[PDB]
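1. First portion of the complex, with coordinates as positioned in the assembly:
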Amino acid sequence: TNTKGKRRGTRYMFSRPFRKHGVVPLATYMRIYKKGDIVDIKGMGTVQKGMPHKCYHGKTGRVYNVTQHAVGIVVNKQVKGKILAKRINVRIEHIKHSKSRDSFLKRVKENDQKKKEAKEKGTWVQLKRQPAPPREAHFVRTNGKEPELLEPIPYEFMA
Amino acid sequence: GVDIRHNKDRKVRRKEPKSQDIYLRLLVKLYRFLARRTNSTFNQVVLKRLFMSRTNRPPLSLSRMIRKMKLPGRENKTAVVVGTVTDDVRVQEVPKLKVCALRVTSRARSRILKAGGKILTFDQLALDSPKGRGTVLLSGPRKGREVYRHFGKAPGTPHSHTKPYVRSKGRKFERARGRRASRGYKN
Amino acid sequence: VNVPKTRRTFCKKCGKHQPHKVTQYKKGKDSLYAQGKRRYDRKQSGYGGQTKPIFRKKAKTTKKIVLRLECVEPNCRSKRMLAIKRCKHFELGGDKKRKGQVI
Amino acid sequence: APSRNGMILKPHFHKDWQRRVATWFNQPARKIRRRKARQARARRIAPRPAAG
């Protein structure tokens, strides 16, 4: 059977990208994580302290505790037929703010603003994101040039 | 052929009391009629609770009843409980209450009558208030039974304050291996 | 491994870091009147032969050796047990090694 | 074998308990006999206290 080592099969997952080894850029250290941010997990092999287990690599969780160097986050893990929301502590290098939430936040601010506006105007405005509707009817103008014929080319071997 | 599942097709709720006595069944007849020919849902709740079993109709204590009726806004309303009103001895001052219950302890009934309240039974309750206006529907603590201390997450498992099943309490009964860091492990 | 004979470390009684004299802990002589021993001879006496098991399948060639620490402060002189990882050869404060010499 | 959850029990029926069983089917007859003896002694000691 296999081995139950903590880092089995991570030679590519925890490795560094090509031509990106060396000193960790300081912007990663200079970011602020508060209680309740949605955050992504991406193990970085450069630092070995507080490295998350390989099964949380690429997972997104919620911050619930902030500490000197690390952050505690609640993340869902599918174990057999059930999902457990378990909390793990990850050092700040292996973490990154999720941009999936800021889009929704900006949308909230923007449609709240356009709801506050036009409230006095009384006009109607659409807020829900409708799915891509079918294309409407239109005209395709030929400019006096007729469409050119397309025919299959004859078979002839290359190799 | 239809792509459906029949596991949860049949609902398990009670249609009628499992009991066989005749007085409760007469009450059930009356409240069945009331529930189906009145739009008030108090009758529906009362009939449903009449259907229930003994362990689902826990007794309500006098202290609980006075505590829940002393709350603001609910003065001079009738306290309705489908269970048994038992006396509480650790309460001296008892006000006058208008109680309705299936059965009341003798000492509790004496206490209420001495205090000046009146005891009602669900029949006379129907006559007084068919739709049940001015009623405070109470119930005893359902989780009061001691069997619930044995339920839930199993003992000998981290962060589980569940009572084990032991034939006798003492220092020689389930205290050594799983309960101490000194002997094996501590959960 | 090599361990020095003196170590400045925490002392429980003093509640502060103090110098400690360290030695190697060796098992004491088994008292004949321990409860377990007394029960053992009471059970073994008579007929029926051997009762408790005798271990034979030895497997480990080493053992964790324990350092007995003693606070050098004459008033305190408290003692504590400290153990570290297994080792085949072990010595106390011998031939402090130096680098870059003739092999 | 243990089931899911329950109490560990130590029934003391590992001997030949079925040979030494004390049924109490003579309890009413014993009570009747003790009574009869009681009244017989009470009559025997004519004016003396029955209790003793």
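-> Now that the structure is in, tell me what you want to look at. Numbering: from 1, shown residues only, chains lettered A, B, ... in the order given.
2. contacts and neighbour counts: CA atoms only from here.
-> Noted.
3. phi, psi of residue D:34?
-> phi -60, psi -40 (degrees, to the nearest 10).
4. Quickly note the distance from it to residue D:27.
-> 11 Å (CA to CA, to the nearest Å).
5. Can you report how many residues neighbour residue D:38?
-> 14 (other CA atoms under 10 Å in any protein chain shown).
6. Is it part of a helix or strand, or is it coil?
-> Following DSSP: H, G, I helix; E, B strand; the rest coil, the label given to residue D:38 is helix.
7. count of residues packed around whichever residue of chain D sits closest to chain B?
-> Nearest to chain B in chain D, going by CA to the nearest CA, is residue D:7, at a distance of 5.0 Å. Neighbourhood size, residue D:7 [other CA under 10 Å]: 11.
8. In space, what's closest to it - neighbours in sequence excluded?
-> Excluding its sequence neighbours, the residue lying closest to residue D:7 (CA to CA, 6 or more residues apart in numbering or on different chains) is residue B:165, at 5.0 Å.
9. can you count the residues close to the one you found?
-> Residue B:165 has 14 nearby residues by other CA under 10 Å.
10. Could you report the separation of it from residue A:116?
-> Residue B:165 is 62 Å from residue A:116, by CA to CA.
11. so where's the longest strand in chain C?
-> Counting by DSSP state E, the longest strand found in chain C is strand C:16-24.
12. At which residues are the helices of chain B located?
-> B:22-36, B:41-51, B:62-69, B:106-115, B:122-128 (DSSP state H).
13. that older thread, tell me which other helices or strands the longest strand of chain C touches.
-> With contacts defined as 3 or more CA pairs under 8 Å, 6 or more residues apart in numbering or on different chains; DSSP states H and E, strand C:16-24 has these neighbours: strand C:6-11, strand C:66-71.
14. any chance you could map the strands in chain C?
-> According to DSSP E, the strands that chain C contains are C:2-3, C:6-11, C:16-24, C:66-71, C:79-83, C:91-92.
15. The residue lying closest to residue C:43 once chain neighbours are set aside: how many residues sit nearby?
-> Setting aside the residues directly before and after it, residue C:43 is nearest to residue C:51 in space (CA to CA, 6+ apart), at 7.5 Å. Applying other CA under 10 Å, we find 9 residues neighbouring residue C:51.
16. Verify the stated contact: residue C:51 with residue C:42.
-> No - if you go by CA atoms under 8 Å, residue C:51 and residue C:42 don't touch, sitting 10.9 Å apart.
17. now the sequence for RNA strand E, which goes on the structure above:
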RNA sequence: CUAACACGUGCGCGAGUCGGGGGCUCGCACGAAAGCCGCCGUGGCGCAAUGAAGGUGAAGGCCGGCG
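-> With RNA strand E added, the chains above now look like this:
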């Protein structure tokens, strides 16, 4: 089938509950039943837990009197 335990259900009473052992009932067809005891509740279970043990043992919140 007996005993033990767990849980679910039905009934009585309910911070209590239970005579199973004994006794009183002119012993005796049924009746070896049934009724009663209450200063026969000894006692069991419950009402308090925790600690190895010595042991300890289950709210407090506002104003006037020397922020």
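18. The longest strand of chain C pairs with which strands, parallel or anti?
-> strand C:6-11 (antiparallel), strand C:66-71 (antiparallel) (DSSP bridges).
19. tell me the most buried of these?
-> Compared across those, strand C:66-71 shows the largest average neighbour count, a mean of 20 (mean count of other CA atoms under 10 Å in any protein chain shown).
20. I'd like to check the angle between it and strand C:79-83, please.
-> 150 degrees (axes from the mean of the first three to the mean of the last three CA atoms, to 10 degrees).
21. Count the neighbours of residue 102 for me.
-> No chain was given, so I picked chain A. 12.
22. wait, I meant chain B there
-> Counted with other CA under 10 Å, residue B:102 comes out at 17.
23. Look up how far residue C:30 lies from it.
-> 73 Å.
24. and what of residue D:1?
-> 41 Å.
25. Chain B against chain D: which residues are in contact?
-> Taking CA under 8 Å from any CA of the partner chain as the measure of proximity, chain B contacts chain D at B:165-167.
26. what sits against residue B:17?
-> Residues near residue B:17 by CA atoms under 8 Å, 6 or more residues apart in numbering or on different chains: B:25, B:50-53.
27. now, which of these lie close to RNA strand E?
-> B:52-53 (CA under 7 Å from any atom of the strand).
28. And the contacts of residue B:17, which is closest to RNA strand E?
-> Checking the contacts of residue B:17 against RNA strand E with CA to the nearest atom of the strand, the nearest one is residue B:53 at 3.3 Å.
29. Run through the residues that contact that closest one.
-> Counted by CA under 8 Å, 6+ apart, residue B:53 has contacts B:17-18.
30. Equivalent analysis for residue B:18, please.
-> Contacts of residue B:18 by CA under 8 Å, 6+ apart are B:51, B:53.
31. still on that earlier bit, what about the longest strand of chain C, distance to the chain center?
-> In terms of CA atoms, centre = their mean, to the nearest Å, the centre of strand C:16-24 is found 15 Å from the chain centre.
32. Tell me which residues are up against that strand.
-> Against strand C:16-24 from outside (CA under 8 Å, 6+ apart): C:4-11, C:65-73, C:92.
33. what comes up buried for that strand?
-> By neighbour count on 16 or more other CA atoms under 10 Å in any protein chain shown, the buried set for strand C:16-24 is C:18-24.
34. Quick check: phi and psi at residue A:56.
-> Given degrees, to the nearest 10, the pair of backbone angles that residue A:56 has is phi -100, psi 0.
35. onto the same structure, RNA strand F please:
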RNA sequence: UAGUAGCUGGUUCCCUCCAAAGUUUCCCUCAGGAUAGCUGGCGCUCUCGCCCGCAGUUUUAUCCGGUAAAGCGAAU
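-> Putting RNA strand F together with the chains above:
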């Protein structure tokens, strides 16, 4: 002494409804058990005749990867 048997054989009426597993971990464990998983029964708390949630699905965003392919005039 009706000795024990994780092993063979047998295990008695009808209809109705629901309906599996041969997988995880531990065991002198491998023809067996315990434990999760899968099943049934008993319920209970609410709900509609504005709104709550949920989904073996899609959409819109946003991250995660080193297989198929490809490369050796790029590292090994």
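36. what do you get for the neighbour count of residue A:102 once RNA strand F is counted?
-> 12.
37. and what of residue A:112?
-> By other CA under 10 Å, neighbour count at residue A:112 equals 12.
38. Am I right that it sits in a helix?
-> Yes - under three-state DSSP, residue A:112 falls within a helix.
39. now it: how far from residue A:130?
-> Distance from residue A:112 to residue A:130, by CA to CA: 17 Å.
40. do the same with residue C:44
-> 88 Å.
41. what about the two, which has more around it?
-> Between residue C:44 and residue A:130, counting by other CA under 10 Å, residue C:44 is the more crowded of the two (14 against 7).
42. Help me confirm that the more buried one comes into contact with residue C:51.
-> Yes - counting by CA under 8 Å, residue C:51 is a contact partner of residue C:44 at 6.6 Å.
43. Looks like residue C:82 contacts residue C:64 (just checking).
-> No - at 10.3 Å, residue C:82 does not count as touching residue C:64 under the criterion of CA under 8 Å.
44. what touches both of these two?
-> With CA under 8 Å, 6+ apart as the test, residue C:82 and residue C:64 reach no residue in common.
45. Name the nearest residue to residue B:126, ignoring sequence neighbours.
-> Per CA to CA, 6+ apart, closest to residue B:126 is residue B:132, 7.6 Å.
46. ok, the one you found - contacts?
-> Residue B:132 neighbours (CA under 8 Å, 6+ apart): B:40, B:42-43, B:125-126.
47. Neighbour-wise, which one of the residues you listed leads?
-> residue B:43 (22 neighbours).
48. any idea how far it is from residue C:2?
-> In terms of CA to CA, residue B:43 sits 86 Å off from residue C:2.
49. next one: residue C:19
-> In terms of CA to CA, residue C:19 sits 18 Å off from residue C:2.
50. Please apply the same query to residue A:98.
-> Taken as CA to CA, the span from residue A:98 to residue C:2 is 51 Å.
51. cool, and residue B:81?
-> In terms of CA to CA, residue B:81 sits 80 Å off from residue C:2.
52. ok, those two, which is more surrounded?
-> residue B:81 (27 against 13).
53. can you pull out the helices in chain A?
-> Using DSSP H, helices in chain A cover A:100-116.
54. residues from it in reach of RNA strand F?
-> Counting by CA under 7 Å from any atom of the strand, chain A sits next to RNA strand F at A:10, A:12-13, A:40-42, A:57-59, A:81, A:98-100, A:103, A:131-132.
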